[PDB]
Amino acid sequence: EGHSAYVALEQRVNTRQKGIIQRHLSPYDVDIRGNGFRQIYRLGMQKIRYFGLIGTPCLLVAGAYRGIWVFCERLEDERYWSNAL
Amino acid sequence: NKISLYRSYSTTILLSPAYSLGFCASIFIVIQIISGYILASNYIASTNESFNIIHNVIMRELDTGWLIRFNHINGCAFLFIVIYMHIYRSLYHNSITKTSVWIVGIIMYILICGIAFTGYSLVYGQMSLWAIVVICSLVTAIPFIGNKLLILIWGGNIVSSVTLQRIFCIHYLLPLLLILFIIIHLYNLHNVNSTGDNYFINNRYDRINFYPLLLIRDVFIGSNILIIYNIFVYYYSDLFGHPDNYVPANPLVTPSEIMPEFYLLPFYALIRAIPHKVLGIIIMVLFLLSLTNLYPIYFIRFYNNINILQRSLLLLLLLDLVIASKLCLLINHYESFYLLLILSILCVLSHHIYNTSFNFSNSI
Amino acid sequence: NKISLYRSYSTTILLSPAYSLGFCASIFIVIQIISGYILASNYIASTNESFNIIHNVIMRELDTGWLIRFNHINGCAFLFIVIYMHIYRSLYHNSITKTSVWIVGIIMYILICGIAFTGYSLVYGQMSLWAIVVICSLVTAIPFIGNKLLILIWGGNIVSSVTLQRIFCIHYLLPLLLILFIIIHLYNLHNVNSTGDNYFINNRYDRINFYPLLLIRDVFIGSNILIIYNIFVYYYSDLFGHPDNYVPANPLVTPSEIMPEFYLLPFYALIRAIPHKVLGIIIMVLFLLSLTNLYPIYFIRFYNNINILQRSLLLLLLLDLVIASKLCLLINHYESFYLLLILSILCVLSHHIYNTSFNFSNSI
Amino acid sequence: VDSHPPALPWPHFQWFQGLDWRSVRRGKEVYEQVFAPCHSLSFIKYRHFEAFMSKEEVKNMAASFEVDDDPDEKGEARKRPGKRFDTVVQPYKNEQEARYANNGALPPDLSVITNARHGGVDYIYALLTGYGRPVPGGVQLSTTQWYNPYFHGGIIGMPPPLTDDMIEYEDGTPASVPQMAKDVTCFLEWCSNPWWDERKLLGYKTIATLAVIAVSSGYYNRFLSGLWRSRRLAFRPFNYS
Amino acid sequence: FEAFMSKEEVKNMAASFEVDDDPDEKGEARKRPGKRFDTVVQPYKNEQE
Amino acid sequence: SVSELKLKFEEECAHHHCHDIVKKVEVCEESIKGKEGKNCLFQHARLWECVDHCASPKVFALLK
Amino acid sequence: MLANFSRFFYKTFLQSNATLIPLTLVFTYXXXXXXXXXXXXXXXXXXXXXXXXXXXXXXXXXXXXXXXXX
Amino acid sequence: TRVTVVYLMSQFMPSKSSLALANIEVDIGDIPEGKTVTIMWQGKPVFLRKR
Ligand code: HEC
Ligand code: HEM
Ligand code: HEM
Ligand code: HEM
Ligand code: HEM
């Protein structure tokens, strides 16, 4: 791990770290249900908003393609029903 | 020294469940390797015994030879599904910055397409024979040395027993090279580490040990995806296939519609949307070569971030590929779908993966 | 940086031409891989049409399928000759000190013996069938599972096309594992370097660049070895084989004498010199396991020098092995040679490769 | 394009349900008495029938036919009554012969037929109960051609194979055309997939076991993530004016 | 045999024999004169004989 | 017998759920009279696809 | 909750692999291989019993005997 | 793991066909004393003699 590209990068870029205090609890003292429903709600809402954002162009283009698909499908149905093939 | 085992490799904490797709693909590679080795131990490659030895010996003389065959088929299909999800995630999170990992992955993708095609050729059925014929007709369009080349590929003017035997040797050989390339894939990744949901440069205090947390997450996601996989093995065994491949090959008869497997359809579209055969070959080669990142080499290039516009365009690319596959299958009877087929193919060919910083410059 | 290429790895100046045996072995591994891949692309494994497609389709319909087959046979023979010389050299210069290199080498030797056996089985001739029968009968002596295991291995009570198909798949697969183990062999060697004629601890001023001097020496020695090898491919094409293998196998008829290939005879001797079957199997396993250096594991051990007495005893080992092979094949008509066969086997089993410093100590 | 077969509720397309085996028995009867001389089952052996038939019944059925035997002591050919291990009798010697007995058409092998056609079982049913319809205008039918809207192209070379009361079922069920079509379709579904019930059962077992593993491993993953999901950070401040 | 004989001689030699042909319209069996690409005629029908 | 019920169901379904298809196929029958190389295979296939959606299942429920 | 029972259960079975391994083998056999597997098997056999292969064979033998008496 | 290993191994067991020709039964009440009769079994002809 010490001879890895990401370790080399962190040594080149980051300074010698100082003044950082981390606190960790053992999993036997942490409840798996502790922050469950709140996180479910928050993440669901976030993903709903984000997909509503980034999905709009796809929705618009899919609507245009659906219009074209309907037109072509009924054109070909009319062609087949009149022996015009 | 168990501690030394824990700390031999550390990753970011932002590995969402979407980062187990590589492990799922590994599971399916293992399944394909084992099932294929068991099948090959009961397989004879010839035009007089191949189709029979699959449906009359493998699937009816053994206890669960049918189960082994269904595993092989549906494992191929699910391997392709998982690999497509893997690629889509890599594009979504701007993982092209992992240059070694990306190049090895593209090589593996091309290899896996080749493996799937050659394997589908081994069931000497109607679809297998006529897919071989169509692809080789693509081959013979090469200027100058095409026809001779075709003969060398077939060992004759038609597909025959020697053709099946060489295809069998290729199908056996390639997956092991794929295994080596997977090893290289993982070696490069462990050299550069994983992106995660967001890209950060972390010191050892911000990273976590890979073992055993991520192995347990991989087991969990793998069991879920194996449930989904086995739903198809036992209850939709023939959903990822065409029934005409259960008809023994008839060189004198061509099927009504020759259609490849769902995971090769996009490539097939690139051939139907380009009228000139030579131009189609050239465009396919350029497409495959352009998925890579082998140019520039000695010009300074670096990678910037990705944004919401790019993510939305990626979703659009997915839509266009799906539409192109369906339409390229539909154009056989209805000729008015050429408009939408060509439109979708042109849209696919004009998708930006890497934002060229060279877009902006000044003239002398 | 061409200079960086020259200095990437350096070795000792005391590399006599005897240190090209590994390169020659790699040459014959390459030849075997290529010729075997060409043969397997024209091969059908089945008792009905195996012997026929080797002798009637591969040899007589292709342009030089006969030459491919002869290359493959004599390449196996010469690969074993070169490996035996390689082992003899490594014992002569006390190369058991390269612990990792030696252990990988022994694993590779076992793999190659298996590859040779499974390959010889594929020619469904009299010798192949009855060598399989004898070996699998030796399998039948295991306590409490000999018949269940034998049935599992053969797929039935008798050798058949399923057995041929298993053997074909194993013969195809094993050489690729062999290539991986060759890569590991060379990796370890580069880690610990070579011995040369004598062992010295040299600084960089006493070592020479490996490339291109030793590459050119390898080319020269390989050229001479290939001349010698081709004198057999073209003029003595069946010197190492047995004519009874040019007879299609009859399960109802047993050959007068069942003799394996000349590179397995020593093992066969161990079987013939031990009247009890279980004891013979135990001795075979112990022999193969004692060739390795996996014990002691945590006790402190180190290797001292080698001397003229040990080299003379090494010559004696060679003599005993050769005589044991010849006698093992002679004893089928001449009963009095059992004495000399047993004597040679006993002399072989009590040969000291590693002189243990634990031979001298005191008591509490 | 041709008519799309309707989707019908088959007993083996149901929850927790497999082949009827009564339809399979009756379809075996219809196979023996109707299309044995025309179509072939290259993959089915007499011993395969020891799944809905008794051992002695299978033995007698096998002995009811004749099979090639090893040549005589003088090399003369021989015939021999069939056994359990022999494949069922072929109806024709070679394709040409078949084509000669069917006015140029070649009846295909029905060993995997339900797997070889789009919407297999339904299609076969729709094929057999579709023969009497009026011929469309502008279509010229030979004396050995028939109009079936479900066949590819609408014209087929197979004469209507099923008629009412043609077969006397052993269990007493009336043998109408739809009934016989249903029974032969079930029998051919069994022929194509003789592993239906074992496949469904293994599916249930595997899904259950994987579900247990998934629940347990998901709990353990959530447990191990607790160490990091609750981590806390603090930065010692600088000295700023 | 076209290695120490001529094409015409080998053609006559092959045509001197009768080789099994593919069945006729009504099935059955046919025999046709030999040709260059045909294997030499077997002396016995089967091992027993 | 079940065949008579099958014919009755086919007639009912044709005249109650595929009446427009029946009218269309009657229209196309007139068109091809005189024209050379024209057939009503497609229209009749559509008609018998529409009819069997409703007629076929019912009959399939009346048999054991 | 269940402090005393938790201590007892941990000290008895879970503290040592000499007992945890036998416990998990017991769970594998008696609660997965003969409880889910065999149970689903029995349930499947019970639901589909009027159409069973055994039933078909029995009815067949009966009808054959009945026909042989004529 | 146990069932998977057993299943992969079971792919290498004798085929049902080979398990059908392994056992045959002959009627010994047909051969009189001192007469030898030849039959077929697994290809190899078999002599049954009323010694
Ligand atoms: C008179 C002999 C004869 C009988 C009896 C007969 N068939 Fe056929 N069958 C044929 C012929 C000939 C064909 C070939 C049709 C073609 O290719 O045009 C055929 C074709 C078929 C097909 C192929 C349809 C397709 O889509 O290719 C099926 C399925 C079939 N028959 C099933 C059956 C069943 C089930 C029965 C018993 C009810 C049966 N046949 C009875 C002669 C027969
Ligand atoms: C060394 C590993 C492999 C071996 C020995 C092997 C061997 C075989 C054999 C013998 C067949 C023909 C038997 C049959 O069709 O059921 C086959 C079919 C096939 N294989 Fe593989 N295979 C291997 C790996 C793979 C991989 C990695 C893939 C890709 C996912 C793959 C895809 C296929 C496909 C698609 C078929 C045809 C599916 C079908 O029968 O319809 N194989 N393989
Ligand atoms: C056999 C198919 C493949 C397998 C088994 C495979 C396996 C893996 C594995 C195990 C990882 C690390 C775990 C992860 O991050 O998901 C990974 C990462 C990655 N793979 Fe693949 N891969 C495959 C195909 C591909 C393909 C076709 C590409 C496209 C070039 C690709 C590109 C990547 C990238 C970019 C990453 C790192 C993503 C990141 O962390 O930022 N892989 N792969
Ligand atoms: C993947 C590489 C290889 C493949 C695909 C392969 C394939 C085959 C095949 C198909 C045969 C049967 C055809 C014949 O007998 O002429 C054969 C024979 C044989 N192979 Fe290989 N082989 C490979 C590598 C090796 C290696 C490394 C050895 C080691 C010496 C070996 C030793 C033999 C032997 C001794 C025979 C039988 C010799 C004989 O024909 O009399 N093969 N091999
Ligand atoms: C596939 C067969 C083998 C190949 C291709 C192979 C290849 C090589 C090569 C290239 C070297 C380094 C160059 C040289 O010193 O000649 C080497 C060294 C060596 N090999 Fe092997 N080898 C093979 C089998 C074995 C076996 C069976 C052993 C027995 C244990 C063995 C033991 C050694 C040792 C001890 C050395 C180092 C000798 C020294 O420098 O003192 N090799 N081998």
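Chains as they are written, first to last, in PDB author numbering: chain QH, 2 to 86; chain QC, 2 to 365; chain Qc, 2 to 365; chain QD, 3 to 243; chain Qd, 51 to 99; chain QF, 9 to 72; chain QI, 1 to 70; chain QE, 102 to 152. All C-beta atoms in this analysis are idealised placements derived from N, C-alpha and C, irrespective of residue type, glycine included.
Item, Value
"Any C-beta of chain QC sitting closer than 7 angstroms to the C-beta of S42 of chain Qc?", "yes"
"Report the three-state DSSP secondary structure of residue 72 of chain QI (helix, strand or coil).", "With chain QI running from 1 to 70 in the structure shown, residue 72 of chain QI is simply not present."
"Which one of QD:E52, QD:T208, QD:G122 and QD:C40 has the shortest CA to CA distance from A9 of chain QD?", "QD:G122"
"What are the start and end residues of the alpha helix (DSSP H) that includes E258 of chain QC?", "Where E258 of chain QC is concerned, there is no enclosing alpha helix (DSSP H), given that its DSSP letter is neither H nor E."
"For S47 of chain Qc, which residues in chain QC fall below 7 angstroms Cβ to Cβ?", "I45"
"Tell me the DSSP secondary structure of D70 of chain Qd in three-state form.", "strand"
"So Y81 of chain QH contacts chain QF; which residues on that side make the cut at Cβ distance below 8 angstroms?", "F50"
"Start and end of the beta strand (DSSP E) containing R82 of chain Qd?", "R80 to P83"
"Given 6 angstroms as the limit, tell me if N104 of chain QD has its C-beta closer than that to any heavy atom belonging to ligand 1.", "yes"
"Should the stretch 55-66 of chain Qd be called in touch with the stretch 137-144 of chain QD, which here means at least 3 C-beta pairs below 8 angstroms?", "no"
"Between which two residues does the beta strand (DSSP E) holding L149 of chain QE run?", "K145 to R150"
"Rounded to whole angstroms, what's the CA-CA distance from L318 of chain Qc to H352 of chain Qc? Just pull it up for me.", "7 angstroms"
"Assuming contact is defined by CB atoms lying nearer than 7 angstroms, are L80 of chain QC and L179 of chain QC in contact in what I supplied?", "no"
"Using 7 angstroms as the limit for Cβ to Cβ distance, is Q92 of chain Qd near chain QD?", "no"
"Keeping to the same chain, check which residues put their C-beta closer than 7 angstroms to that of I275 of chain Qc; ignore five residues upstream and five downstream.", "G281 and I284"
"Determine contact between the stretch 7-22 of chain QI and the stretch 179-190 of chain QD, defined as no fewer than three beta-carbon pairs at a distance below 8 angstroms.", "no"
"For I69 of chain QC, I'd like the list of residues in its chain whose CB is within less than 7 angstroms of its CB, leaving aside the five on either flank, ordered along the chain.", "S36, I39 and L40"
"If you compare alpha carbons, which of QC:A117, QC:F288 and QC:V160 is closest to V135 of chain QC?", "QC:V160"
"Using a Cβ-Cβ distance under 7 angstroms, would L76 of chain QH count as near chain QD?", "no"
"Can you tell which of Qc:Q127, Qc:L344 and Qc:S257 has its C-alpha closest to the C-alpha of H334 of chain Qc?", "Qc:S257"
"Strictly by DSSP, which residues pair up with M141 of chain QE?", "QE:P146"
"Run down chain QD in chain order and give the residues with a C-beta less than 7 angstroms from the C-beta of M110 of chain QE.", "Simply none; closest approach about 17 angstroms."
"Let me check understanding here. Comparing Cα to Cα, which of QC:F29, QC:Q127 and QC:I108 lies closest to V254 of chain QC?", "QC:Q127"
"Does the beta carbon of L153 of chain Qc sit closer than 7 angstroms to a beta carbon anywhere in chain QE?", "yes"
"Can you give the Cα-Cα distance for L227 of chain Qc and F241 of chain Qc, rounded to whole angstroms?", "17 angstroms"
"Just to confirm, does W103 of chain Qc get its C-beta within under 6 angstroms of one of the non-hydrogen atoms of ligand 5?", "yes"
"Between which two residues does the beta strand (DSSP E) containing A236 of chain QD stretch?", "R234 to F237"
"Bridge partners for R24 of chain QH per DSSP, in chain order?", "QD:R234"
"Would you give the residue range spanned by the alpha helix (DSSP H) that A117 of chain Qc belongs to?", "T100 to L123"
"Hey, is the stretch 147-167 of chain QD in contact with the stretch 126-136 of chain QD, meaning 3+ C-beta pairs nearer than 8 angstroms?", "yes"
"What does a CB cutoff of less than 6 angstroms around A117 of chain QC pick up in its chain, not counting 5 residues either side in sequence?", "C77"
"Does the beta-carbon of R39 of chain QH have 16 or more other beta-carbons within 10 angstroms, so that it is buried, or is it exposed?", "exposed"
"Cα separation between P109 of chain QD and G20 of chain QD?", "29 angstroms"
"Compute the Euclidean distance between the alpha carbons of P163 of chain QD and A177 of chain QD, then round it to the nearest angstrom.", "13 angstroms"
"Per DSSP, which residues does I158 of chain QD bridge with? Please list them.", "QD:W148"
"DSSP three-state label for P249 of chain QC, please.", "strand"
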